[PDB]
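In order, the protein sequence lines correspond to chains U, Y, T, X and S.
All letters in the first sequence, in the order written, are residues 16 to 460 by PDB author numbering.
All letters in the second sequence, in the order written, are residues 15 to 209, 220 to 460 by PDB author numbering.
All letters in the third sequence, in the order written, are residues 21 to 154, 161 to 463 by PDB author numbering.
All letters in the fourth sequence, in the order written, are residues 21 to 463 by PDB author numbering.
All letters in the fifth sequence, in the order written, are residues 112 to 165 by PDB author numbering.
Before any comments, here is the structure.
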Amino acid sequence: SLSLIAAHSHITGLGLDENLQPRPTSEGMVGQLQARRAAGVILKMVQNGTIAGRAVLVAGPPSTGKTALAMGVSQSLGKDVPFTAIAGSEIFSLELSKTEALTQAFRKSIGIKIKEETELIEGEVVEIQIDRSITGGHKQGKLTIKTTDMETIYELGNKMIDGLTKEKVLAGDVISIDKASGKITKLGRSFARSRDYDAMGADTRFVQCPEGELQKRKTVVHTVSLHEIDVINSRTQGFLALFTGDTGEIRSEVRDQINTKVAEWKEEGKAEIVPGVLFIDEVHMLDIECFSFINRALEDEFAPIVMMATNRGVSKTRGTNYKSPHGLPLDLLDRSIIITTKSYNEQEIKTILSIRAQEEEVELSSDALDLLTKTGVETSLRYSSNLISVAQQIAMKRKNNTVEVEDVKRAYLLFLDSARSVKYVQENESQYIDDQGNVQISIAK
Amino acid sequence: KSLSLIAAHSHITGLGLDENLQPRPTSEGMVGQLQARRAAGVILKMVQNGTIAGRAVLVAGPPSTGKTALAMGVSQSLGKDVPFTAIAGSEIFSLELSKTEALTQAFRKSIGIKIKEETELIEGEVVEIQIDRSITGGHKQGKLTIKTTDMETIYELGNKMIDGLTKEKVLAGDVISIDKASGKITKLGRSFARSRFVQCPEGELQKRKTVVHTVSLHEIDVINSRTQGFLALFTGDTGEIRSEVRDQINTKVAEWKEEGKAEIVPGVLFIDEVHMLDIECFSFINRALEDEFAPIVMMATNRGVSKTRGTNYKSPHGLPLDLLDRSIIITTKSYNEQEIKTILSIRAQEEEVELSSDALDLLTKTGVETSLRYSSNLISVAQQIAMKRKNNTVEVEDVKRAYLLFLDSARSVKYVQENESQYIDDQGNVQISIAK
Amino acid sequence: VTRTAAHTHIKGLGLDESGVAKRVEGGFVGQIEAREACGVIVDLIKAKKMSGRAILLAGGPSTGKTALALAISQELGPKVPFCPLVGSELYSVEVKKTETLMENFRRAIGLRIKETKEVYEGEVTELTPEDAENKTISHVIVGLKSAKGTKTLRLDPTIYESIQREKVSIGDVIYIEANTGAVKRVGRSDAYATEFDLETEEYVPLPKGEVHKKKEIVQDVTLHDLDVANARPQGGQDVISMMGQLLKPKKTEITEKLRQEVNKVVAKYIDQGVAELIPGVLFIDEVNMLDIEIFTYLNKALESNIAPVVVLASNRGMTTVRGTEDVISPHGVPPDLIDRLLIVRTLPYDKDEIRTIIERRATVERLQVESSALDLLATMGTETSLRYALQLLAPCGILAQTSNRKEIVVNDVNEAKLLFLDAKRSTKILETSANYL
Amino acid sequence: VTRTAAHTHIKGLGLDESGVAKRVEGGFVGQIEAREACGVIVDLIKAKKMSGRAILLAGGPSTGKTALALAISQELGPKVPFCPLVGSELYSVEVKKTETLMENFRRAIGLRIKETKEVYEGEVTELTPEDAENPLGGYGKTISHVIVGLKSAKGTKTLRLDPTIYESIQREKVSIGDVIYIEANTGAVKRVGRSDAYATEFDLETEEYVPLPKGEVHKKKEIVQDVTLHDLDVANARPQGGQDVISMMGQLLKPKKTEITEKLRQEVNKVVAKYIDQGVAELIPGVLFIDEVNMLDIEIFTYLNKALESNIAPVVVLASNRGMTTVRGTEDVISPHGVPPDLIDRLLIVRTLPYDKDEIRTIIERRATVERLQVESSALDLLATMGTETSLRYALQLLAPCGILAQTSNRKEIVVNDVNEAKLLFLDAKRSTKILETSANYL
Amino acid sequence: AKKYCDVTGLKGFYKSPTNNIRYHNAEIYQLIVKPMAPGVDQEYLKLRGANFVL
Ligand SMILES: Nc1ncnc2c1ncn2[C@@H]1O[C@H](COP(=O)(O)OP(=O)(O)O)[C@@H](O)[C@H]1O
Ligand SMILES: Nc1ncnc2c1ncn2[C@@H]1O[C@H](COP(=O)(O)OP(=O)(O)O)[C@@H](O)[C@H]1O
Ligand SMILES: Nc1ncnc2c1ncn2[C@@H]1O[C@H](COP(=O)(O)OP(=O)(O)O)[C@@H](O)[C@H]1O
Ligand SMILES: Nc1ncnc2c1ncn2[C@@H]1O[C@H](COP(=O)(O)OP(=O)(O)O)[C@@H](O)[C@H]1O
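Right, dumping it as structure tokens:
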């Protein structure tokens, strides 16, 4: 509901068959048959979950669909599987080192599934009668919990009374108590007992009285990443650092102890390891120290599958003074397999543009689609994809529903691409600030 | 008054200008620089009008020509309760603040909010205090007899008055002041009882007092930031105040001006050595001058076609051309013999240095051949040499002795270049041996 | 008397109902094509459908890129969020620059929440706490009274705790918010002002209006406000603390888990109809000051599902990108980001629209300029720069006012040109002189 | 007997009443014009009138610039605040370098204050609290007042303390029979210790035993205190000394330098000017000495240009061995002594000249007499030739190995063989460099 | 009860310690309360019902 239409919202996964053969147009993915087949092979390895630490480099020219292929892999991966999509610039931080940030990105992409059984008694409290013991030990209580339908009486122990007096629950408060584990919550105050007070308190919350059965059974599946366990065991109250982010370079011995405990919890069967994918978009923006740490960190058994994206040619590696293919050193490319994405022809440009126009609910005419395809082949895919929405707004300002040739031509005239802007800058270089800072603001001499 | 020894700009009491903004040749401690002083008077009238926001001016010229003197004259002619924030260019390179955040704090320290309020005060001379204790101490009663030069009254005190008078112990004969609503008692001091000493105050006790507060926008930003107390106004650990707090402060200040409960006092942000900022600070200044709640920024620099910090190219005044497009430049010129002589005479008159006419001529010749600051520094050491010989007047020989003992820049350069083997050069080579 | 900034005279884009830019309308003159492009952009923003759209305003200095950005801001209205920013502001010494960019991204997505404000104001007449133990009070009966009458309320022990926090006794005018539960003691009434001749009590009048007052308000928050509301290393934002806490809270890298939880809570409140989502504009002036790492994170963050419309400004040409060594790119923006941008070209001006800009700035600043003085100012603007005349307009008015004239004459313009220099004359003085000017 | 350092032999500038310099007095040899200029500067500091006066000591290595700064500090006396500093010390990882420079500027300005202290001192006889009637309200404390009885010599009185003062009492662990000392200015309590009126041989906590304090309880005593402006600034920036919880928790936090604002400094200046106007405090301006001023970069020099123009800035003296050198932090700014010409224009350069053979010889003689060594005349002449040939500092620092080799062979005198053996054992920089140039495996 | 000035009938901010008359401000105190003869305070207190002389 909150999500708007983004650049990759039309992709619902890799458009493959059961034989890992890509369809020409399926699930929002058009073309790139070799790349989609290779990504389908990658997805199966993640789904097998029996091998660890493979580095996959998605390489190609820009606007060819490396990030589109990564989002297709993430959508085909399904839910409750840890997919961590980060950029290469996020590793450089201020209170975390680059290796520690890479370790946190690695351990956020592999988790454990844990099954929980809850016997929840949810209802409004009618009366709490406390049997006051003479010695004070084993304080018996009588809880009158009540739903819309029906109401029982529960016996309450001393720690139950201490938990129900630690948080302030009174008559008319909606609480649910777990029978197996004794978990305590306070959902708030019932709406039936809401008008008795003229002004509500600071922490007073109003919730509806639950209906149906008083006690309900539910099975809850929790997917907890390894980084979550690291942050929890790093501090006394570590759950705040899961959200505020000031974890602060978790020491190694916590990580080895957590790895050994995850192994023994696996061997006794109360949790199961779910591996996932860590996707580093624009991986060329990383230091050589980051690349060396990636090279050593891919060899652990608790390591996810690493998909890296690069649009660089033979470029200078960051942190050094020599050039390298993909902006990556040769020992990183040694422990990697490369998926190459190619450019699109006119039919693939037209199909992707039609899919993006259908996603944004824009009614493109045939001549407007042909003009946008010609502009996409001439300039770029992303220029025509950005031109579609402003042409839609131009046509809507003209009191028209569908777009025509004139709306696309007006959007082409109003908004420039890279080559036209380069030509306009190079024709009048005195009006812009040079690399030496020189400029001519004066219009006459 | 406050703490003030004799400084470099102590003689400047403002801009020596007429009602038609015409500079007098010698007035208010400032001589020379007629066009620069008239331009500074125009900028002062822009500040005093208060209807023009975010104007950047650049005071540029040779060293020892009076750019900082012009800024001090503008600051002295501005008056009280108008915020003048003078900072150097190196002050915004902080370890706990970003440079744009430090520039934001310097910008918003120069815009004040003027609020007038009324308070009922009871300032009087205590005749006597009686308090009758109870059997146990549950209730305390008392009578406070106070007086002024005109009036004399007795008050039946409550419990909180008794507790606030026993704490901060008031005896008979004390002139005190009481704020009734806040319950604060300030002992102004002992009265004229022979048995500190302050006279008995005038009559009409419980008087309305109008207090006019000028609070800078940075202080309200620190206050409204709920994670920042006002102790960060003194400790300095404000720590990157968020932008949304500043937007709430701007909207509240605009609605206070619309409601008439407060006024806006624009001020001057002076940046000495503005070439020491880098290019990102120049871009931030270029955008931040467009705010409605932005002061008038005076910038001083002496560099000429220098390399801009953060870049690799050279720009005029060390400033990029988009910043110089947003600014009007005031140019200061050098001084002749007569202006140097008048400045040296003013500096001697300030430091209570009595010197002869030929000593003044010798100091003027030194300040023409060498520099104005070298002669102005030589004045005080020549005076010390004069009182070493038990002489109350600085003669020619005292100036000659001070010139012999203390060197200028050119003599130090020549004496270094004649004996360059004895010093450490760029390569770290030195011959500490004196023979062979 | 209102102050005047550099962009005060501009009130909007000056377009008609058909989107065609009127030549002189809305504080603008000329620049019709970029104004129409910005009108298409604000129509796209008002559609409230797209995310991550990016437009770059490219043109020379003093051509109106920031003018068009603030014109977009007035065309959208104060309801739509607008985050103006400099590329230099992203370099923070407390948190990393990509986190600052993502925080400014979340600052441009807002929420409207309709809410009620109900206030009980007046003097406490009765304060009777009913205990009904089961030590612990059951409730408290509080009788408030103003000049229009009295009213009795039943309050829970939390509000009784807040009342006893404020040292509220019988006879004190107090303030109670029914929804929040906040209790503020205004002070003692003047009916009890003569119990003692002198006491520390602050005696305030009885409220002239009713005890109970109810009204409707709207809360305009952002997603960054809700992000920093529940991401505090040291909590306690609810308690009113004039003095600071003992440990200074520092800006931290907010994880994506808090962003997803905040998004889930916001979507749950939107699906109930309580809150309304308003996408807004993040404007970055001088985008050439961004590091290449910030450009890479901008490339990653423009593909988010909740990203706002980003408007970038630059005045450079074929320039090396900051943080690189040999990447010559247009406007200082790398070509991977440029492929995601839509470029709006900003043209220079000629003499006539420079003259109308000068006369519009003179009319807004309430200065009377004679016609030949206006022609001299326009000629100086064509010769030196437009901003030189726009900044010399006010010294001309001051020099006219000191001569007891309300009309700016040609001699005032000559005197202001003599007193204040432009960049070219100061550069000539710099080049001719030898000893550092 | 006494431990000696490089500048132990110097007692002062050694000038006459007319300011002229005797050739060998005050531990100084030579540098007559430099000593006279330093005496003029010392008289300028003793005038206590000017602000921001800055001189530069310029010369080669081992010429006596730090010697002249120490002589200035010795001639001014211990009351005048002298702040020695290195240019490298301003680079701090906790706070910016300009704040460190301003902190040293405020540290070089001193204040002498007469302070009246209200004191309740005496032996605790009874200590009974009065409990609150509702202890668990959450708004007050468990007690309301505390009655404490104190007796001094010829006097006994009782005090009713509020719970804050009793909290300060009980944090000192005060019991019955303890002589204590309550300072009413801050609420601070000093526990002097057990009274000697009882038995003092049955304790296990190595406590001290004190008599009853003389005079009455509740005295008013006058203390002369010497502080600096930086002490007031750092006390107000990090508040400790009150009994409120902010002061007490700020006692326990880790101290860290902060950027003290101009508002706090102006408020401190206002309070100090009020102290002066009541005639209770006097201002003593002092000296900030910066040796190796070449280590400062261009930002510290730029801030120094502004900071020297203040009306409270001290007298700043600088030292540098550099000649025509580039300024640190710049690329092409060649400047004399590594100091930019904007600061040089605000300076007064005091030149320092190298020494001759006989001056080096008597400097070696004075360093031998201050280290309690006996040197023969021929060995002293060989030490003088070695000092003129290699370096003065090498000849001064070879005296202690000569004394070690002399006391090894059971002699008090230093013979020529001892200084020859010390020349053979220890090398100067030139002979070491000659070994470096004629070696293969990078000696 | 609200305290009033004994002669002018306005707000009585102050009470004179000698004759126990509550007055309004300085001018009434200097022109009426201070030059008040003995035997004139009794009527002013009697109008308020505080005539202590029986
Ligand atoms: N195979 C594809 N199917 C559908 N859309 C695609 C495909 N490849 C690219 N696109 C579209 O092109 C745009 C840019 O592609 P992108 O994933 O950014 O390529 P790269 O990551 O190589 O720059 C995306 O918004 C995406 O919608
Ligand atoms: N026109 C003037 N009138 C009086 N004093 C001046 C004037 N110009 C300069 N001075 C004095 O000369 C000294 C050095 O000038 P300064 O303000 O430092 O110039 P700059 O800042 O350009 O180096 C200052 O102490 C200043 O008071
Ligand atoms: N077309 C225009 N009509 C009216 N005023 C304009 C126009 N273009 C620019 N201005 C004015 O010129 C001033 C400087 O322009 P600005 O937008 O700052 O240039 P830049 O695009 O380099 O930021 C602004 O105050 C603006 O009000
Ligand atoms: N005029 C002098 N008389 C006596 N001793 C001196 C004299 N000048 C220098 N010295 C000695 O020479 C040594 C070097 O002096 P110092 O000032 O530390 O070096 P620099 O001059 O390089 O700063 C010091 O230990 C000092 O005792």
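A virtual CB, placed ideally from N, CA and C, is assigned to each residue, including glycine.
Which of helix, strand or coil DSSP assigns to residue i
{"i": "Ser112/Y", "result": "coil"}
{"i": "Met344/X", "result": "strand"}
{"i": "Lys231/U", "result": "strand"}
{"i": "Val395/X", "result": "strand"}
{"i": "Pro334/X", "result": "coil"}
{"i": "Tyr115/S", "result": "strand"}
{"i": "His299/Y", "result": "helix"}
Backbone CA spacing between residue i and residue j [nearest angstrom]
{"i": "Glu442/U", "j": "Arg435/U", "result": "10 Å"}
{"i": "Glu137/U", "j": "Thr162/U", "result": "7 Å"}
{"i": "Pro275/X", "j": "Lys454/X", "result": "49 Å"}
{"i": "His299/U", "j": "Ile318/T", "result": "11 Å"}
{"i": "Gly123/S", "j": "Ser24/Y", "result": "53 Å"}
{"i": "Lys183/U", "j": "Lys113/S", "result": "46 Å"}
{"i": "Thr390/U", "j": "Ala372/U", "result": "15 Å"}
{"i": "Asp246/T", "j": "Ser93/T", "result": "16 Å"}
{"i": "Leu31/U", "j": "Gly43/U", "result": "11 Å"}
{"i": "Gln155/U", "j": "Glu221/T", "result": "52 Å"}
{"i": "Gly306/T", "j": "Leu96/T", "result": "9 Å"}
Residues that residue i contacts on chain Y, provided the C-beta gap is smaller than 7 Å
{"i": "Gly68/U", "result": "In chain order: nothing, as chain Y lies at least about 39 Å away."}
Under 9 Å from the C-beta of residue i: neighbouring residues of chain Y
{"i": "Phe124/S", "result": "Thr167, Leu229 and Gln230"}
{"i": "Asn341/T", "result": "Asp346"}
Per-residue burial, residue i [other beta carbons within 10 Å of its own, 16 or more giving buried]
{"i": "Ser188/T", "result": "buried"}
Proximal chain S residues relative to residue i, where beta-carbon distance stays under 8 Å
{"i": "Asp164/Y", "result": "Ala137, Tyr140 and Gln141"}
Chain S contact residues for residue i, given Cβ-Cβ distances below 7 Å
{"i": "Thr159/Y", "result": "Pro128"}
8 Å Cβ cut-off: residues of chain X touching residue i
{"i": "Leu272/T", "result": "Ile266, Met269, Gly270 and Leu273"}
Per-residue contacts from residue i into chain T (C-beta, under 8 Å)
{"i": "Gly75/Y", "result": "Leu463"}
Within chain U, the residues that residue i reaches when beta carbons sit closer than 8 Å
{"i": "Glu329/T", "result": "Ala21, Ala22, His23 and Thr82"}
- Under 5 Å, CB to nearest heavy atom of ligand 4: contacting residues: That gives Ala26/X, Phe48/X, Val49/X, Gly50/X, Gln51/X, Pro81/X, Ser82/X, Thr83/X, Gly84/X, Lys85/X, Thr86/X, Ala87/X and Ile383/X.
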